[PDB]
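Trainee: If it helps, the file is called query21.cif and holds mmCIF, N, CA and C atoms and all ligand atoms; chains and numbers go by the auth columns:
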```cif
data_input
#
loop_
_atom_site.group_PDB
_atom_site.id
_atom_site.type_symbol
_atom_site.label_atom_id
_atom_site.label_comp_id
_atom_site.label_asym_id
_atom_site.label_seq_id
_atom_site.Cartn_x
_atom_site.Cartn_y
_atom_site.Cartn_z
_atom_site.B_iso_or_equiv
_atom_site.auth_seq_id
_atom_site.auth_asym_id
ATOM 1 N N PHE A 1 16.282 8.570 -16.564 0.00 1 A
ATOM 2 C CA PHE A 1 15.677 8.521 -15.244 0.00 1 A
ATOM 3 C C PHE A 1 15.993 9.756 -14.426 0.00 1 A
ATOM 4 N N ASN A 2 17.140 10.396 -14.656 0.00 2 A
ATOM 5 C CA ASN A 2 17.490 11.583 -13.885 0.00 2 A
ATOM 6 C C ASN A 2 16.928 12.874 -14.476 0.00 2 A
ATOM 7 N N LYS A 3 15.994 12.795 -15.424 0.00 3 A
ATOM 8 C CA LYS A 3 15.429 13.990 -16.043 0.00 3 A
ATOM 9 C C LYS A 3 13.917 14.063 -15.879 0.00 3 A
ATOM 10 N N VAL A 4 13.384 13.546 -14.773 0.00 4 A
ATOM 11 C CA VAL A 4 11.959 13.645 -14.484 0.00 4 A
ATOM 12 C C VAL A 4 11.765 14.136 -13.055 0.00 4 A
ATOM 13 N N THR A 5 10.566 14.644 -12.792 0.00 5 A
ATOM 14 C CA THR A 5 10.203 15.279 -11.528 0.00 5 A
ATOM 15 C C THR A 5 8.966 14.615 -10.946 0.00 5 A
ATOM 16 N N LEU A 6 9.019 13.290 -10.829 0.00 6 A
ATOM 17 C CA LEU A 6 7.916 12.464 -10.334 0.00 6 A
ATOM 18 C C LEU A 6 7.448 12.832 -8.923 0.00 6 A
ATOM 19 N N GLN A 7 1.958 12.679 -1.377 0.00 7 A
ATOM 20 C CA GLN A 7 1.635 11.481 -0.614 0.00 7 A
ATOM 21 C C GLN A 7 0.167 11.515 -0.180 0.00 7 A
ATOM 22 N N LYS A 8 -0.332 10.371 0.278 0.00 8 A
ATOM 23 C CA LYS A 8 -1.751 10.173 0.531 0.00 8 A
ATOM 24 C C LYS A 8 -2.221 10.892 1.789 0.00 8 A
ATOM 25 N N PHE A 9 -3.438 11.427 1.730 0.00 9 A
ATOM 26 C CA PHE A 9 -4.091 11.871 2.951 0.00 9 A
ATOM 27 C C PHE A 9 -5.432 11.188 3.171 0.00 9 A
ATOM 28 N N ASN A 10 -6.350 11.291 2.210 0.00 10 A
ATOM 29 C CA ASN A 10 -7.743 10.899 2.411 0.00 10 A
ATOM 30 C C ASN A 10 -8.304 10.099 1.238 0.00 10 A
ATOM 31 N N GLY A 11 -8.115 8.787 1.282 0.00 11 A
ATOM 32 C CA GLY A 11 -8.724 7.926 0.293 0.00 11 A
ATOM 33 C C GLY A 11 -7.879 7.749 -0.947 0.00 11 A
ATOM 34 N N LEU A 12 -6.900 8.628 -1.124 0.00 12 A
ATOM 35 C CA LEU A 12 -6.017 8.554 -2.273 0.00 12 A
ATOM 36 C C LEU A 12 -5.049 7.402 -2.082 0.00 12 A
ATOM 37 N N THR A 13 -4.961 6.532 -3.073 0.00 13 A
ATOM 38 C CA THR A 13 -4.060 5.393 -3.019 0.00 13 A
ATOM 39 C C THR A 13 -3.355 5.286 -4.355 0.00 13 A
ATOM 40 N N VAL A 14 -2.042 5.120 -4.316 0.00 14 A
ATOM 41 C CA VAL A 14 -1.235 4.971 -5.514 0.00 14 A
ATOM 42 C C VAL A 14 -0.763 3.526 -5.532 0.00 14 A
ATOM 43 N N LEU A 15 -1.419 2.708 -6.341 0.00 15 A
ATOM 44 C CA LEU A 15 -1.042 1.312 -6.443 0.00 15 A
ATOM 45 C C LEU A 15 0.270 1.184 -7.211 0.00 15 A
ATOM 46 N N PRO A 16 1.174 0.304 -6.778 0.00 16 A
ATOM 47 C CA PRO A 16 2.430 0.146 -7.496 0.00 16 A
ATOM 48 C C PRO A 16 2.201 -0.571 -8.812 0.00 16 A
ATOM 49 N N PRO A 17 3.048 -0.338 -9.811 0.00 17 A
ATOM 50 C CA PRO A 17 2.900 -1.054 -11.078 0.00 17 A
ATOM 51 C C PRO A 17 3.217 -2.528 -10.918 0.00 17 A
ATOM 52 N N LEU A 18 2.593 -3.338 -11.770 0.00 18 A
ATOM 53 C CA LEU A 18 2.813 -4.778 -11.724 0.00 18 A
ATOM 54 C C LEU A 18 4.231 -5.128 -12.143 0.00 18 A
ATOM 55 N N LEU A 19 4.767 -4.416 -13.120 0.00 19 A
ATOM 56 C CA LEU A 19 6.133 -4.609 -13.578 0.00 19 A
ATOM 57 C C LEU A 19 7.006 -3.527 -12.961 0.00 19 A
ATOM 58 N N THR A 20 8.008 -3.935 -12.193 0.00 20 A
ATOM 59 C CA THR A 20 8.892 -2.944 -11.610 0.00 20 A
ATOM 60 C C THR A 20 9.919 -2.494 -12.646 0.00 20 A
ATOM 61 N N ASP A 21 10.657 -1.435 -12.306 0.00 21 A
ATOM 62 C CA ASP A 21 11.476 -0.748 -13.301 0.00 21 A
ATOM 63 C C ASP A 21 12.671 -1.584 -13.736 0.00 21 A
ATOM 64 N N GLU A 22 13.267 -2.341 -12.813 0.00 22 A
ATOM 65 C CA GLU A 22 14.383 -3.195 -13.200 0.00 22 A
ATOM 66 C C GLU A 22 13.906 -4.383 -14.026 0.00 22 A
ATOM 67 N N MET A 23 12.655 -4.798 -13.837 0.00 23 A
ATOM 68 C CA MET A 23 12.064 -5.831 -14.681 0.00 23 A
ATOM 69 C C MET A 23 11.870 -5.341 -16.113 0.00 23 A
ATOM 70 N N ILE A 24 11.406 -4.100 -16.269 0.00 24 A
ATOM 71 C CA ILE A 24 11.267 -3.489 -17.584 0.00 24 A
ATOM 72 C C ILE A 24 12.636 -3.303 -18.229 0.00 24 A
ATOM 73 N N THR B 1 1.489 23.868 26.013 0.00 1 B
ATOM 74 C CA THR B 1 2.868 23.419 26.126 0.00 1 B
ATOM 75 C C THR B 1 3.794 24.104 25.124 0.00 1 B
ATOM 76 N N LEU B 2 3.257 24.609 24.005 0.00 2 B
ATOM 77 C CA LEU B 2 3.998 25.258 22.911 0.00 2 B
ATOM 78 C C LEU B 2 5.034 24.319 22.295 0.00 2 B
ATOM 79 N N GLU B 3 4.754 23.021 22.340 0.00 3 B
ATOM 80 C CA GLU B 3 5.497 22.044 21.566 0.00 3 B
ATOM 81 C C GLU B 3 4.963 22.031 20.142 0.00 3 B
ATOM 82 N N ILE B 4 5.690 21.367 19.258 0.00 4 B
ATOM 83 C CA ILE B 4 5.262 21.208 17.878 0.00 4 B
ATOM 84 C C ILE B 4 4.998 19.729 17.630 0.00 4 B
ATOM 85 N N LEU B 5 3.915 19.441 16.915 0.00 5 B
ATOM 86 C CA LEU B 5 3.489 18.076 16.667 0.00 5 B
ATOM 87 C C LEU B 5 3.298 17.873 15.175 0.00 5 B
ATOM 88 N N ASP B 6 3.003 16.636 14.805 0.00 6 B
ATOM 89 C CA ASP B 6 2.815 16.246 13.418 0.00 6 B
ATOM 90 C C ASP B 6 1.526 15.448 13.343 0.00 6 B
ATOM 91 N N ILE B 7 0.805 15.582 12.239 0.00 7 B
ATOM 92 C CA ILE B 7 -0.436 14.849 12.038 0.00 7 B
ATOM 93 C C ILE B 7 -0.302 14.017 10.777 0.00 7 B
ATOM 94 N N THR B 8 -0.264 12.706 10.950 0.00 8 B
ATOM 95 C CA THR B 8 -0.265 11.752 9.868 0.00 8 B
ATOM 96 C C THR B 8 -1.519 10.907 10.016 0.00 8 B
ATOM 97 N N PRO B 9 -2.316 10.725 8.959 0.00 9 B
ATOM 98 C CA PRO B 9 -3.554 9.950 9.100 0.00 9 B
ATOM 99 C C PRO B 9 -3.258 8.499 9.412 0.00 9 B
ATOM 100 N N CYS B 10 -4.055 7.938 10.310 0.00 10 B
ATOM 101 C CA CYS B 10 -3.849 6.556 10.685 0.00 10 B
ATOM 102 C C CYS B 10 -4.321 5.645 9.557 0.00 10 B
ATOM 103 N N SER B 11 -3.870 4.394 9.616 0.00 11 B
ATOM 104 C CA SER B 11 -3.795 3.542 8.437 0.00 11 B
ATOM 105 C C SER B 11 -5.169 3.171 7.894 0.00 11 B
ATOM 106 N N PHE B 12 -5.300 3.273 6.577 0.00 12 B
ATOM 107 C CA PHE B 12 -6.490 2.863 5.857 0.00 12 B
ATOM 108 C C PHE B 12 -6.047 2.061 4.647 0.00 12 B
ATOM 109 N N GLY B 13 -7.008 1.695 3.812 0.00 13 B
ATOM 110 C CA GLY B 13 -6.680 0.993 2.592 0.00 13 B
ATOM 111 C C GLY B 13 -7.713 -0.047 2.241 0.00 13 B
ATOM 112 N N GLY B 14 -7.689 -0.513 1.003 0.00 14 B
ATOM 113 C CA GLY B 14 -8.573 -1.575 0.592 0.00 14 B
ATOM 114 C C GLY B 14 -8.009 -2.933 0.951 0.00 14 B
ATOM 115 N N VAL B 15 -8.903 -3.862 1.263 0.00 15 B
ATOM 116 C CA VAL B 15 -8.545 -5.263 1.402 0.00 15 B
ATOM 117 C C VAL B 15 -8.894 -5.930 0.084 0.00 15 B
ATOM 118 N N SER B 16 -8.149 -6.964 -0.268 0.00 16 B
ATOM 119 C CA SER B 16 -8.369 -7.627 -1.539 0.00 16 B
ATOM 120 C C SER B 16 -7.953 -9.077 -1.413 0.00 16 B
ATOM 121 N N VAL B 17 -8.727 -9.952 -2.036 0.00 17 B
ATOM 122 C CA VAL B 17 -8.530 -11.378 -1.876 0.00 17 B
ATOM 123 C C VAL B 17 -7.728 -11.906 -3.050 0.00 17 B
ATOM 124 N N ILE B 18 -7.239 -13.128 -2.890 0.00 18 B
ATOM 125 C CA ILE B 18 -6.607 -13.884 -3.957 0.00 18 B
ATOM 126 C C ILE B 18 -7.393 -15.175 -4.076 0.00 18 B
ATOM 127 N N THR B 19 -8.192 -15.305 -5.127 0.00 19 B
ATOM 128 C CA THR B 19 -8.898 -16.566 -5.219 0.00 19 B
ATOM 129 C C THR B 19 -8.560 -17.295 -6.515 0.00 19 B
ATOM 130 N N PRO B 20 -8.314 -18.602 -6.446 0.00 20 B
ATOM 131 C CA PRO B 20 -8.030 -19.386 -7.655 0.00 20 B
ATOM 132 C C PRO B 20 -9.261 -19.921 -8.368 0.00 20 B
ATOM 133 N N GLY B 21 -10.444 -19.400 -8.072 0.00 21 B
ATOM 134 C CA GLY B 21 -11.666 -19.946 -8.616 0.00 21 B
ATOM 135 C C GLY B 21 -12.290 -20.890 -7.616 0.00 21 B
ATOM 136 N N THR B 22 -13.618 -20.879 -7.499 0.00 22 B
ATOM 137 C CA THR B 22 -14.256 -21.738 -6.511 0.00 22 B
ATOM 138 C C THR B 22 -14.278 -23.193 -6.955 0.00 22 B
ATOM 139 N N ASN B 23 -14.351 -23.448 -8.262 0.00 23 B
ATOM 140 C CA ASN B 23 -14.362 -24.821 -8.749 0.00 23 B
ATOM 141 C C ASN B 23 -12.993 -25.481 -8.702 0.00 23 B
ATOM 142 N N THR B 24 -11.937 -24.728 -8.408 0.00 24 B
ATOM 143 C CA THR B 24 -10.600 -25.288 -8.258 0.00 24 B
ATOM 144 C C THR B 24 -10.279 -25.574 -6.797 0.00 24 B
ATOM 145 N N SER B 25 -10.457 -24.584 -5.928 0.00 25 B
ATOM 146 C CA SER B 25 -10.184 -24.749 -4.510 0.00 25 B
ATOM 147 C C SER B 25 -11.010 -23.741 -3.727 0.00 25 B
ATOM 148 N N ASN B 26 -11.005 -23.897 -2.406 0.00 26 B
ATOM 149 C CA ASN B 26 -11.728 -22.983 -1.536 0.00 26 B
ATOM 150 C C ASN B 26 -10.813 -22.096 -0.710 0.00 26 B
ATOM 151 N N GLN B 27 -9.511 -22.373 -0.693 0.00 27 B
ATOM 152 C CA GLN B 27 -8.583 -21.521 0.034 0.00 27 B
ATOM 153 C C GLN B 27 -8.393 -20.206 -0.700 0.00 27 B
ATOM 154 N N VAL B 28 -8.295 -19.122 0.065 0.00 28 B
ATOM 155 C CA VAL B 28 -8.031 -17.799 -0.473 0.00 28 B
ATOM 156 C C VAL B 28 -6.908 -17.172 0.335 0.00 28 B
ATOM 157 N N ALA B 29 -6.239 -16.207 -0.277 0.00 29 B
ATOM 158 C CA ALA B 29 -5.306 -15.340 0.416 0.00 29 B
ATOM 159 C C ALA B 29 -5.905 -13.945 0.458 0.00 29 B
ATOM 160 N N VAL B 30 -5.430 -13.119 1.384 0.00 30 B
ATOM 161 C CA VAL B 30 -5.981 -11.788 1.600 0.00 30 B
ATOM 162 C C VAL B 30 -4.827 -10.795 1.597 0.00 30 B
ATOM 163 N N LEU B 31 -4.982 -9.694 0.866 0.00 31 B
ATOM 164 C CA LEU B 31 -3.967 -8.653 0.772 0.00 31 B
ATOM 165 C C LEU B 31 -4.478 -7.363 1.397 0.00 31 B
ATOM 166 N N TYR B 32 -3.689 -6.786 2.299 0.00 32 B
ATOM 167 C CA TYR B 32 -4.015 -5.524 2.953 0.00 32 B
ATOM 168 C C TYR B 32 -3.107 -4.438 2.394 0.00 32 B
ATOM 169 N N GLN B 33 -3.694 -3.464 1.704 0.00 33 B
ATOM 170 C CA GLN B 33 -2.931 -2.523 0.887 0.00 33 B
ATOM 171 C C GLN B 33 -2.230 -1.475 1.744 0.00 33 B
ATOM 172 N N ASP B 34 -0.896 -1.437 1.645 0.00 34 B
ATOM 173 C CA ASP B 34 0.001 -0.478 2.301 0.00 34 B
ATOM 174 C C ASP B 34 -0.195 -0.513 3.821 0.00 34 B
ATOM 175 N N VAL B 35 0.154 -1.663 4.393 0.00 35 B
ATOM 176 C CA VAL B 35 0.141 -1.851 5.839 0.00 35 B
ATOM 177 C C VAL B 35 1.430 -2.563 6.230 0.00 35 B
ATOM 178 N N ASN B 36 2.199 -1.956 7.134 0.00 36 B
ATOM 179 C CA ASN B 36 3.396 -2.573 7.704 0.00 36 B
ATOM 180 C C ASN B 36 2.921 -3.479 8.838 0.00 36 B
ATOM 181 N N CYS B 37 2.379 -4.638 8.455 0.00 37 B
ATOM 182 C CA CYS B 37 1.541 -5.435 9.353 0.00 37 B
ATOM 183 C C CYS B 37 2.391 -6.212 10.350 0.00 37 B
ATOM 184 N N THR B 38 2.934 -5.473 11.309 0.00 38 B
ATOM 185 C CA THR B 38 3.172 -6.039 12.622 0.00 38 B
ATOM 186 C C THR B 38 1.854 -6.343 13.316 0.00 38 B
ATOM 187 N N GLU B 39 0.826 -5.545 13.035 0.00 39 B
ATOM 188 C CA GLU B 39 -0.507 -5.661 13.599 0.00 39 B
ATOM 189 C C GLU B 39 -1.463 -6.170 12.525 0.00 39 B
ATOM 190 N N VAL B 40 -2.680 -6.515 12.952 0.00 40 B
ATOM 191 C CA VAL B 40 -3.726 -7.064 12.084 0.00 40 B
ATOM 192 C C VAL B 40 -4.127 -6.143 10.930 0.00 40 B
HETATM 193 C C1 LIG C . 7.759 -1.464 9.864 0.00 101 A
HETATM 194 O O1 LIG C . 8.000 -0.646 11.029 0.00 101 A
HETATM 195 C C2 LIG C . 9.223 -0.928 11.728 0.00 101 A
HETATM 196 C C3 LIG C . 9.271 0.010 12.911 0.00 101 A
HETATM 197 O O2 LIG C . 10.255 1.021 12.737 0.00 101 A
HETATM 198 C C4 LIG C . 10.421 -0.762 10.793 0.00 101 A
HETATM 199 O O3 LIG C . 11.604 -1.160 11.476 0.00 101 A
HETATM 200 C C5 LIG C . 10.237 -1.606 9.539 0.00 101 A
HETATM 201 O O4 LIG C . 11.302 -1.362 8.627 0.00 101 A
HETATM 202 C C6 LIG C . 8.904 -1.287 8.867 0.00 101 A
HETATM 203 N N1 LIG C . 8.713 -2.117 7.690 0.00 101 A
HETATM 204 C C7 LIG C . 8.439 -1.613 6.482 0.00 101 A
HETATM 205 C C8 LIG C . 8.278 -2.610 5.375 0.00 101 A
HETATM 206 O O5 LIG C . 8.328 -0.407 6.292 0.00 101 A
#
```
What does this structure look like when you write it as structure tokens?
Ligand SMILES: *[C@@H]1O[C@H](CO)[C@@H](O)[C@H](O)[C@H]1NC(C)=O
Mentor:
Amino acid sequence: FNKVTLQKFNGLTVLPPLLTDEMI
Amino acid sequence: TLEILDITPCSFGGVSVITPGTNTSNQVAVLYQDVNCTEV
């Protein structure tokens, strides 16, 4: 998790995943 | 005034329903996407 490099203005929406990370 | 300000777009998003099928019941729930709904 500490080795990755993961905001909205106009119509862009980032839906959250159905399964959260602690669930996985 | 030579103050500095910030521009954040005011809230938008899709509305979406929760329906259990019409032949089961008629009540639905409604979801408002990314709204800190103190307000409607
Ligand atoms: C909604 O806004 C209030 C105002 O600061 C804040 O205290 C609260 O934590 C916010 N809720 C969420 C889920 O962001």
Trainee: Starting from the shown file, work through the PyMOL selection byres (((chain B and resi 29) around 5) and not hetatm) and note down what comes out as a PyMOL selection string.
Mentor: chain B and resi 17-18+27-28+30-31
Trainee: Please produce, as a tab-separated table, a per-residue contact table for chain B versus ligand LIG 101 (chain A) (criterion: any atom at most 12 Å away, only C-alpha atoms and all ligand atoms considered), showing the nearest atom pair and its distance in Å to one decimal, sorted by chain then residue number.
Mentor:
```
residue	atom	partner	partner_atom	distance
B:34	CA	A:LIG101	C8	9.1
B:35	CA	A:LIG101	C8	8.2
B:36	CA	A:LIG101	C1	5.0
B:37	CA	A:LIG101	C1	7.4
B:38	CA	A:LIG101	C1	7.0
B:39	CA	A:LIG101	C1	10.0
```
Trainee: Could you write out that same residue set with N, CA and C atoms as a PDB file, in the coordinates of the input?
Mentor:
```pdb
ATOM      1  N   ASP B  34      -0.896  -1.437   1.645  1.00  0.00           N
ATOM      2  CA  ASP B  34       0.001  -0.478   2.301  1.00  0.00           C
ATOM      3  C   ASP B  34      -0.195  -0.513   3.821  1.00  0.00           C
ATOM      4  N   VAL B  35       0.154  -1.663   4.393  1.00  0.00           N
ATOM      5  CA  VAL B  35       0.141  -1.851   5.839  1.00  0.00           C
ATOM      6  C   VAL B  35       1.430  -2.563   6.230  1.00  0.00           C
ATOM      7  N   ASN B  36       2.199  -1.956   7.134  1.00  0.00           N
ATOM      8  CA  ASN B  36       3.396  -2.573   7.704  1.00  0.00           C
ATOM      9  C   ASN B  36       2.921  -3.479   8.838  1.00  0.00           C
ATOM     10  N   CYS B  37       2.379  -4.638   8.455  1.00  0.00           N
ATOM     11  CA  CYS B  37       1.541  -5.435   9.353  1.00  0.00           C
ATOM     12  C   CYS B  37       2.391  -6.212  10.350  1.00  0.00           C
ATOM     13  N   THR B  38       2.934  -5.473  11.309  1.00  0.00           N
ATOM     14  CA  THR B  38       3.172  -6.039  12.622  1.00  0.00           C
ATOM     15  C   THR B  38       1.854  -6.343  13.316  1.00  0.00           C
ATOM     16  N   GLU B  39       0.826  -5.545  13.035  1.00  0.00           N
ATOM     17  CA  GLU B  39      -0.507  -5.661  13.599  1.00  0.00           C
ATOM     18  C   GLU B  39      -1.463  -6.170  12.525  1.00  0.00           C
TER      19      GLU B  39
END
```
Trainee: Going by the chain IDs and residue numbers used in this file, which residues fall under the PyMOL selection byres ((chain A and not hetatm) within 8 of (chain B))? Write them as a ChimeraX atom specification.
Mentor: /A:8-11,13
Trainee: Between atom N of residue 24 of chain A and atom CA of residue 16 of chain B, what distance in Å does the model show, to one decimal?
Mentor: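 About the pair atom N of residue 24 of chain A and atom CA of residue 16 of chain B: they are 24.9 Å apart.
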Trainee: Check the DSSP output for the backbone and give back, as a ChimeraX atom specification, the residues of chain B in strand (DSSP E).
Mentor: /B:15-18,29-32
